[PDB]
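Protein sequences, first through last, are from chains V, A, H, C, Z, X, Y and S. The first sequence begins at 78 in the working numbering and counts up one residue at a time. The second sequence begins at 78 in the working numbering and counts up one residue at a time. The third sequence begins at 78 in the working numbering and counts up one residue at a time. The fourth sequence begins at 78 in the working numbering and counts up one residue at a time. The fifth sequence begins at 301 in the working numbering and counts up one residue at a time. The sixth sequence begins at 301 in the working numbering and counts up one residue at a time. The seventh sequence begins at 301 in the working numbering and counts up one residue at a time. The eighth sequence begins at 301 in the working numbering and counts up one residue at a time. Some notes on the structure that comes next.
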Amino acid sequence: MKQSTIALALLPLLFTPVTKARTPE
Amino acid sequence: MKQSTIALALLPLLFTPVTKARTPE
Amino acid sequence: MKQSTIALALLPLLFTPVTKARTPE
Amino acid sequence: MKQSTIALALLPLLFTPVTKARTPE
Amino acid sequence: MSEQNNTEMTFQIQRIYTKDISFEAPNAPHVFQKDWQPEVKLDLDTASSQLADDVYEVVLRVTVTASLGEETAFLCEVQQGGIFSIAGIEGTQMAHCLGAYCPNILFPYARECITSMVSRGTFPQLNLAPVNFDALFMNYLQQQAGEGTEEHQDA
Amino acid sequence: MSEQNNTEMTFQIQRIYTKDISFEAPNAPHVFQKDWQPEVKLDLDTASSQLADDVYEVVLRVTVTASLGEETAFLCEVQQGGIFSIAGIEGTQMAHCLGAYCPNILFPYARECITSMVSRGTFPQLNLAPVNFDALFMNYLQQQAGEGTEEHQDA
Amino acid sequence: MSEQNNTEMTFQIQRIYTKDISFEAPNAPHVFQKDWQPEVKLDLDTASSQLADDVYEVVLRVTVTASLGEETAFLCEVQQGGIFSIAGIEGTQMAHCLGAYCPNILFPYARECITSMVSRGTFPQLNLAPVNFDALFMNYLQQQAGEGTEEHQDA
Amino acid sequence: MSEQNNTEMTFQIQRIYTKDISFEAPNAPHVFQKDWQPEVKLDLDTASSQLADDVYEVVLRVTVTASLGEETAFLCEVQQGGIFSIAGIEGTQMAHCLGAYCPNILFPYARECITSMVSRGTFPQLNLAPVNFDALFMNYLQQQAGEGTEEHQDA
């Protein structure tokens with residue numbers, strides 16, 4: 078018997094506005 | 078953009094008042 | 078006073094005049 | 078030196094109402 | 301039969317609340333170069349609704365523009381609504397009660413809500429001027445009269 | 301809001317502000333279990349000072365003792381002060397200006413500051429009902445030469 | 301990838317402020333008598349801004365809609381901007397900075413600015429639960445290891 | 301600052317609110333005619349209460365003094381209370397949650413309540429700067445370096 082209050086999750090994009098912020102997957 | 082300091086003017090449209098503030102009819 | 082639940086009504090003593098309203102020093 | 082508006086400092090005790098996290102000395 | 305005075309009346313505050321907010325700082329990160337008391341433009345707008353009889357919900361929309369020099373700095377806006385139970389009275393007497401008095405109760409609450417959003421936008425101190433909005437009508441409805449100091453001297 | 305304007309009565313608001321604010325919720329998270337409107341008590345104290353020639357500051361210590369059930373909810377006190385350029389007044393009406401119309405200006409601001417701190421302390425909102433204490437003062441003053449006053453500037 | 305302890309990458313906050321704010325209680329006078337079952341929608345928006353060399357402002361516009369089944373209770377949307385001087389060590393290393401830890405800077409402020417408008421709109425206490433994005437991005441960067449337990453048995 | 305670290309942590313904000321608020325200007329008339337250049341003496345004090353097992357109140361006393369030399373401009377104290385769920389982590393990570401990360405949640409609430417009180421006392425805007433207790437705790441355990449601004453834009 079447990080519950081959880083409303084929350085966010087991981088941003089499904091991961092924003093990279095700055096130059097040279099290369100993300101090699 | 079305008080240039081002023083605060084405002085406050087006597088409502089030229091007035092305020093929409095109560096319809097008959099005496100009898101719920 | 079007549080402090081009530083939430084009312085000013087009358088002050089505990091007559092507030093002040095503009096005359097002195099303080100010790101002159 | 079801090080080139081910022083006032084800025085707070087760390088706490089002597091690590092602030093722990095849960096148990097008590099610190100060095101034993 | 302009909303004495304020219306505020307007959308009976310009924311006034312009670314039911315609930316006061318912010319119904320709507322807007323804040324837009326268009327030139328925000330750049331316009332911070334300009335430090336002074338920003339060029340203000342307040343604009344007062346109307347929003348109303350009668351919920352029931354003897355119950356009217358009065359809103360006062362306070363629109364704010366603020367500018368630094370030749371450009372806009374920030375924009376703020378609050379709609380401070382308030383439910384008030386008003387009864388007994390009728391005519392010009394209630395036209396003033398909802399037209400000045402009820403929005404004047406809501407004015408301090410809207411005032412702090414503007415200055416809050418200004419502070420959140422890290423902009424210069426923006427405080428609205430304390431006006432007695434009821435007095436603006438009251439001075440029109442009264443004949444202005446006074447007295448004078450009197451003396452005598454014979455040389 | 302008004303008085304006997306039959307003279308050169310002057311009243312220009314210089315400024316309204318808080319010389320003292322307080323909000324105290326000692327039992328706060330324990331007392332929130334008592335989710336209802338607290339029993340609220342209003343109290344007043346006198347304080348004021350002469351700042352210049354015909355320029356005078358008026359301060360009202362407005363107090364709100366609130367309690368949920370049989371224990372303290374919150375203690376909310378504001379010494380709401382305001383400077384006014386007042387002139388053209390004589391006699392006991394000088395005591396009426398500062399004892400009725402000047403606190404009348406400060407009452408919306410006192411109520412607001414409290415009501416905002418209530419909502420910040422997350423207690424059920426409470427707006428103090430407006431009273432025409434101005435009139436009650438006039439009735440008493442106009443039937444006596446008893447022009448009394450207290451010297452009190454603790455503000 | 302910054303495998304060794306050193307702190308090569310460096311952070312300095314120039315400024316934090318709201319560039320846009322909007323609260324909307326569309327049915328506010330009606331919404332307090334309605335069934336209080338808040339179905340709160342969470343919506344994230346991103347805004348980019350470069351102010352200078354190495355001066356990058358990242359903005360996160362957080363939207364909070366509350367719906368009582370079919371009827372909207374309120375809306376609370378805050379564009380939380382923040383000027384952050386971020387440089388020294390690029391790629392996924394810097395991507396964990398700007399896109400994970402920098403959100404965590406703005407997020408307490410964006411929470412509070414929403415919570416403030418809700419409280420001013422006289423609605424019950426609403427706080428969005430804290431989400432550590434940055435740790436779960438380290439989970440993909442090089443996994444989450446380093447279980448510390450510097451314990452102190454005492455009361 | 302290069303650590304991976306686990307999250308786990310059973311965290312949920314139960315309720316945030318102002319327990320205590322205060323603003324004192326006993327020199328309020330005299331100080332307004334002064335040139336505004338105060339020495340802002342901050343004070344940071346720590347308080348709590350156990351409400352249950354794994355339910356603990358984090359209170360952080362934020363106290364802002366302002367003195368224009370020997371003239372005290374004002375004093376302001378807001379004690380921001382916040383009920384939080386703590387479980388999962390123990391030792392210095394739990395100490396990070398309580399002594400940095402949880403009053404970081406409470407920081408913008410305390411901040412706005414102080415700057416509001418300043419503007420209520422009609423003093424110019426005094427916004428508290430972002431202090432990372434978290435990043436200061438990241439400083440120990442390891443070596444602390446810092447890269448400088450390289451200044452690079454190309455097209």
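For each residue, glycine too, the CB sits at the ideal point set by N, CA and C.
Look at residue i and residue j and say whether their C-beta atoms are less than 8 Å apart.
i, j, result
"residue 459(X)", "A455(X)", "The structure shown does not extend to residue 459(X), since chain X spans only 301 to 455, so no value can be given for it."
"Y409(S)", "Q379(S)", "no"
"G382(Y)", "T93(V)", "no"
"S322(S)", "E377(S)", "yes"
"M438(Y)", "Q314(S)", "no"
"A98(A)", "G421(Z)", "no"
"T392(S)", "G446(Y)", "no"
"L436(Z)", "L90(A)", "no"
"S302(Y)", "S302(S)", "yes"
Considering Cα atoms alone, identify which of the options is closest to residue i.
i, options, result
"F384(S)", "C376(S), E377(S) and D353(S)", "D353(S)"
"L351(S)", "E447(X), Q312(X) and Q333(X)", "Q333(X)"
"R361(Y)", "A395(Y), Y401(Y) and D320(Y)", "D320(Y)"
"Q442(X)", "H396(X), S419(X) and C413(X)", "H396(X)"
"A84(C)", "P329(S), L344(S), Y356(S) and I316(S)", "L344(S)"
"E390(S)", "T307(S), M301(S) and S302(S)", "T307(S)"
"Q453(X)", "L342(X), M301(X) and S349(X)", "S349(X)"
"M394(Z)", "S419(Z), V355(Z) and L368(Z)", "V355(Z)"
"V331(Z)", "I386(Z), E451(Z), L368(Z) and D434(Z)", "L368(Z)"
So which residues of chain V does residue i contact, with C-beta pairs closer than 8 Å?
i, result
"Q379(S)", "None at all; the shortest Cβ gap to chain V is about 24 Å."
Closer than 7 Å by beta-carbon distance: list the chain X residues that pair up with residue i, in chain order.
i, result
"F311(S)", "By Cβ distance, chain X contributes nothing, its closest Cβ being about 17 Å from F311(S), past 7 Å."
Using a C-beta to C-beta distance shorter than 9 Å, which residues of chain S count as neighbours of residue i?
i, result
"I389(Y)", "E447"
"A455(X)", "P326 and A328"
How would you list, in chain order, the residues of chain Z whose beta-carbon sits under 7 Å from the beta-carbon of residue i?
i, result
"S416(X)", "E412"
Can you grab the Cα-Cα spacing for the pair residue i / residue j, in whole Å?
i, j, result
"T415(Y)", "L426(Y)", "6 Å"
"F423(Y)", "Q337(Z)", "34 Å"
"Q312(S)", "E324(X)", "25 Å"
"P101(H)", "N404(X)", "27 Å"
"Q444(Y)", "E357(Z)", "56 Å"
"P329(Z)", "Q80(V)", "42 Å"
"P430(Z)", "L406(Z)", "13 Å"
"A366(Z)", "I316(X)", "22 Å"
"residue 257(Z)", "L428(X)", "Past the edges of chain Z, shown from 301 to 455, lies residue 257(Z), and the structure says nothing about it."
"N432(X)", "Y401(X)", "10 Å"
"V364(X)", "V95(H)", "28 Å"
"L375(Y)", "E339(Y)", "11 Å"
"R411(S)", "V359(Y)", "20 Å"
"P326(X)", "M309(Z)", "40 Å"
"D335(Y)", "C413(Z)", "27 Å"
"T318(S)", "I386(S)", "21 Å"
"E450(X)", "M78(H)", "15 Å"
"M417(S)", "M417(Z)", "14 Å"
In chain S, what lies closer than 8 Å to residue i by C-beta?
i, result
"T82(V)", "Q312 and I313"
Starting from the beta carbon of residue i, find every residue of chain C whose beta carbon is closer than 7 Å, and list them in chain order.
i, result
"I383(S)", "Per Cβ cutoff of 7 Å: no residues; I383(S) is ~11 Å from chain C at best."
"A395(S)", "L91, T93 and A98"
Using a Cβ cut-off of 8 Å, pull out every chain A residue sitting near residue i, in sequence order please.
i, result
"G399(Z)", "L88, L91, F92 and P94"
What residues of chain A sit near residue i, judged by a beta carbon separation below 7 Å?
i, result
"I386(Z)", "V95 and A98"
Mind listing the chain H neighbours of residue i? Cutoff is C-beta to C-beta under 8 Å, in chain order.
i, result
"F407(X)", "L85"
In chain X, which residues lie less than 8 Å from residue i when you measure between Cβ atoms?
i, result
"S419(Y)", "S419, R420 and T422"
Selection of the segment 423 to 445 of chain S by Cβ proximity to chain Z, strictly under 8 Å: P424, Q425 and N427
Near-chain A residues of the segment 339 to 359 of chain Z - C-beta to any C-beta below 7 Å: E339, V340, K341, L342, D343, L344, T346, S348, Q350, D353, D354 and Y356
Under 8 Å (Cβ pairs) to chain X, residues found in the segment 86 to 101 of chain H: The residues in question are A86, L87, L88, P89, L90, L91, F92, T93, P94, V95, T96, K97, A98, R99 and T100.
Members of the segment 359 to 371 of chain Y that neighbour chain V once the beta carbon cut-off is set at 8 Å: none
Members of the segment 317 to 336 of chain Z that neighbour chain Y once the beta carbon cut-off is set at 8 Å: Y317, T318, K319, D320, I321, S322, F323, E324, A325, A328, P329, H330 and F332
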